[PDB]
Structure formats: structure tokens, C-alpha cells
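Encoded as C-alpha cells, the following chain is the form deposited in one PDB entry, with no partner shown.
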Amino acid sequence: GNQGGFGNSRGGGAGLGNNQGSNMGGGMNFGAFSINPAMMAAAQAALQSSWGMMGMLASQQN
């Protein structure tokens, strides 16, 4: 009779899992307006490489 969490979010990533007894359980959760190269692996050997990322990423309220 286990369960997770309870709530609300706006904009951002939210994790509300039941993760009891796991090895890194929960997920990869990302927010709006973003740049995000991503990798998930179960292996003997693993390598990630990334370069050259440009953005404005701005907000105006009138």
C-alpha cells in the first residue's frame, strides 16, 4: 500500500514517483524553454561529449 507524492507545478520538471527499494528510480524530468542533450545507460562502459550551445532565453512582461 505504498504510494508517491501529491502536487502542482508550472514551468519546471516534477518528480512524484514511488521509488521505494530502487537503484536510482525516479526518471529524468525537464522544464520548458531549454537546451538539454541527454543520455541514460546500463553498460560496462559509457561516454558523453557535447559542445557549442547558444540561446537568448529571455522573458518580457508589459
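Only residues modelled in both forms are compared. Numbering starts at 1 and follows the sequence shown. Rigid core (definition): largest C-alpha set, two forms, superposition within 1.5 Å.
There is another form of this protein, the form deposited in another entry, and it is not shown here; the text below is about that form.
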query: On a core-based superposition, does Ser50 travel 2 Å or more at its Cα between this form and the one not shown?
result: no
- request: Note yes or no: does the Cα of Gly26 move by 2 Å or more between this form and the one not shown after the core is superposed?
  value: yes
field: Distance trend in that other deposited form - C-alpha atoms of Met40 and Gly11, change of 3 Å or more
entry: closer
query: Shorter or longer C-alpha distance for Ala41 and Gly11 in that other deposited form, given it differs from this form by 3 Å or more?
result: closer
- request: Fit on the rigid core and then flag the segments of at least 3 consecutive residues whose Cα positions all differ by 2 Å or more between this form and the one not shown.
  value: 1 to 28
